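In each ligand, atom 1 is the first atom listed, and ligand 1 is the first ligand listed. Letters A, B, ... mirror the listed sequences (proteins, then strands); counts begin at 1.
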Amino acid sequence: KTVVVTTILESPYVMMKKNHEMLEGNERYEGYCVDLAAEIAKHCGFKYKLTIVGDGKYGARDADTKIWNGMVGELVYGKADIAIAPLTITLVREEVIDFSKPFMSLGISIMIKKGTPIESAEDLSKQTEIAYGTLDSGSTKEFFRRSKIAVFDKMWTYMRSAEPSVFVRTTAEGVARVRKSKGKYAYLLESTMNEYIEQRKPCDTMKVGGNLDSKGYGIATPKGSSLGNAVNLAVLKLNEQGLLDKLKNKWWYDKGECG
Amino acid sequence: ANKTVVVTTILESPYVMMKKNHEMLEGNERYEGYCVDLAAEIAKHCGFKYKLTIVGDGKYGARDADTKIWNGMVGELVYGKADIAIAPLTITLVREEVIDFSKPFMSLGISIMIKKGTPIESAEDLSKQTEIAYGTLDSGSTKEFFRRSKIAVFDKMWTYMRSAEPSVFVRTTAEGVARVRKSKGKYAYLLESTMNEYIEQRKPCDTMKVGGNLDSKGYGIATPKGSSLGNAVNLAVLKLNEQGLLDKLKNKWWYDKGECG
Ligand SMILES: N[C@@H](Cn1oc(=O)[nH]c1=O)C(=O)O
Ligand SMILES: N[C@@H](Cn1oc(=O)[nH]c1=O)C(=O)O
C-alpha cells in the first residue's frame, strides 16, 4: 500500500519546484523534507505520496469543538499515515500522535527588520511602539499562551489583545509583515525558519537574542502505528550517517544569497 | 503492586556527584547533581519511589563484539538489573535497538577540549598533525562515532586513535580532563559539548572548548524494551522542558556556580 505523507508548504522544507505546473505527483515538490521523505521511505521500504495539508496549518486543538486541525488532525482522523515536516514535538501532540526522535533542533527566536531597536524578548515586552506576533495554530503561539514566565506571560497578554491582529496565517506572511512594517513589527518564529530567511534577499531581516527554548522536529505517525518503529530507527541512522547535516547545509547555507 | 524503582546512573559531574558529607548520608541523600534533581522530578511526575544506584562497572554502555554482551548502564537495563536509567546517556541507533529512550532532555554534540594555548581549533586541525595526541572515553557513543564514521576526517582520526601508543582512550571523563591538564598541550580530548562546557567553568580554568560540534544528538531517559514506565517518563520529560525546568536545572549545575568568572 502507498503511504500517504502529509506535509506543509514551508520554505525550505517543502517548496513548489519551478515549472511545477507541468509536473505531477511527488516531482512537483523540492526541499529538506522532500529529500528526507525519500530517505525515510528508502530505509523503511515503502512507496509514498506527498500531499500538502488541506487547511495549511501545523496542528492545534480547538478549545471548543476539541477537534484537531492541520497535519496533526490529518493523522488523528486517518487522513494521512505519516507526517514529514517541521512539526514540533510537544506534550499535547505527543498525547494523541507518536513522534520519532527529533531530526532537527530549534527554539523560538526573534526576527526583526535590520536596525530595529530590539535585542531580546524582554525588550519587546517593555515597549509598545514595536508590535509583535506569531503564527496561528502552531507550537509557538501555544508557548506564550501556556507560559508562566513573567516576560513571556506579559508578551502573551499583549498579543492576544493587540489591534490589529498580530497573528499571521503563514510564516511567509509574518516575514512579509516584518519587511513592510518599517521596523514597527517583530515576528516570533522558530530559529530554523529565521536563520533561513536571514540568508535570503533582500537580506533585510535578522535574528536577535538567544532562543527562548530548546526542542525539535519529529516525524509523526498515528498513535500506535506500525510504521513508528522503523521510522524512528531510520531518523537515528540518517543522523548518525551525517545525512541530516548534509540536507541542512544544502537547503540553508548553500546558495547563500546574502551578505 | 507498586515497587521501588531501581535507577541506574553514573558518577559523572555535574549530573551525579557525591555530596560533601556523603558519609553521614545514606541512600539517595548521598548524591547531588542535574540528574539527581531530574530523577526527583520524573519520579514525582510519574508517581513512583526509587533507589539511585551507581552502575557497577562505571561505564555508559557498549556491546562487546564477539560475545555480544552489553556493559555499563545499557547492560543493567538489558539484563534486568535496573528498571530505568537517568543519566547523560546518548540516544543512539544500536542502543535504541535493545532499549527504549524518552525524547531528549538535553542536547549535545561531540567536541574538542584543549589546554589553553593549544594550537588547535578544529577536528581537521587534529587530523593533520601528530604532535598533539587525542582520544576519547571508552565504552561510549563518542568512541563508537569515530569507529563507525565514513566521513574522511573522522575516519582518519579513528585510524590514528585506535592504534596510538600509549593508549589515547580513558575510562572516565575525569581521567581525560587530567590528561589534558597535565600534558603541556600535547593531548587534546574528544568529549560531549555538555561535559566540555561544564569543565570549562571549573578551576583552574585551564581548558577550553574549540570549534563547532561534530554532530547533534541528545540524552534520553532509558528503560528496558517494553517497560510500562516508558510512556509516562517520556511525557514527564516533555512537560519538564516546556515548563522551563530543564533550562533552569542546566544553569543551576553549569553556570550558577561556575568557578571561572
Ligand atoms: N513547527 C511549528 C509551526 N510554527 O513555525 C514557527 O516558526 N512557529 C510555529 O508555531 C509547529 O510544529 O507547530
Ligand atoms: N554520553 C556518552 C558517554 N560519553 O561521554 C562523552 O563525553 N563521550 C562519551 O562517549 C554515552 O552515552 O555513551
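A salt bridge is absent between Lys57(A) and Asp55(A); no separation between the charged side-chain nitrogens and carboxylate oxygens falls under 4.0 Å. Taking a cutoff of 4.0 Å between a charged side-chain nitrogen and a carboxylate oxygen, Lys248(A) and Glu195(A) qualify as a salt bridge. The pair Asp153(A)-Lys148(A) does not meet the salt-bridge criterion, since no charged nitrogen lies less than 4.0 angstrom from a carboxylate oxygen.
Taking OG1 of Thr90(A) as the start and CD of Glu94(A) as the end, the distance is 8.0 Å to the nearest 0.5 Å.
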Give every pair made of an N or O atom of ligand 2 and a protein N or O atom lying under 3.5 Å apart, one pair per line with both atom names and the distance to 0.1 Å, or write 'none'.
{"residue": "ligand 2", "atom": "1 (N)", "partner": "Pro88(B)", "partner atom": "O", "Å": "2.8"}
{"residue": "ligand 2", "atom": "1 (N)", "partner": "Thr90(B)", "partner atom": "OG1", "Å": "2.9"}
{"residue": "ligand 2", "atom": "1 (N)", "partner": "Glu192(B)", "partner atom": "OE1", "Å": "2.8"}
{"residue": "ligand 2", "atom": "1 (N)", "partner": "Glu192(B)", "partner atom": "OE2", "Å": "3.2"}
{"residue": "ligand 2", "atom": "5 (O)", "partner": "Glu192(B)", "partner atom": "OE1", "Å": "3.3"}
{"residue": "ligand 2", "atom": "7 (O)", "partner": "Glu192(B)", "partner atom": "N", "Å": "3.0"}
{"residue": "ligand 2", "atom": "8 (N)", "partner": "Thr142(B)", "partner atom": "OG1", "Å": "2.7"}
{"residue": "ligand 2", "atom": "10 (O)", "partner": "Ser141(B)", "partner atom": "N", "Å": "3.2"}
{"residue": "ligand 2", "atom": "10 (O)", "partner": "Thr142(B)", "partner atom": "N", "Å": "3.0"}
{"residue": "ligand 2", "atom": "10 (O)", "partner": "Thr142(B)", "partner atom": "OG1", "Å": "3.3"}
{"residue": "ligand 2", "atom": "12 (O)", "partner": "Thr90(B)", "partner atom": "N", "Å": "2.9"}
{"residue": "ligand 2", "atom": "12 (O)", "partner": "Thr90(B)", "partner atom": "OG1", "Å": "3.4"}
{"residue": "ligand 2", "atom": "12 (O)", "partner": "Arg95(B)", "partner atom": "NH1", "Å": "2.7"}
{"residue": "ligand 2", "atom": "13 (O)", "partner": "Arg95(B)", "partner atom": "NH1", "Å": "3.4"}
{"residue": "ligand 2", "atom": "13 (O)", "partner": "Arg95(B)", "partner atom": "NH2", "Å": "2.8"}
{"residue": "ligand 2", "atom": "13 (O)", "partner": "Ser141(B)", "partner atom": "N", "Å": "2.9"}

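Inter-residue side-chain proximity for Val6(B) and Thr53(B) is flagged as met; some heavy-atom pair is nearer than 4.5 Å.
Paired with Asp204(A) under the rule salt bridge (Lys or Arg N to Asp or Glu O under 4.0 Å), one option of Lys113(A), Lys180(A), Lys114(A) passes, and it is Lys113(A).
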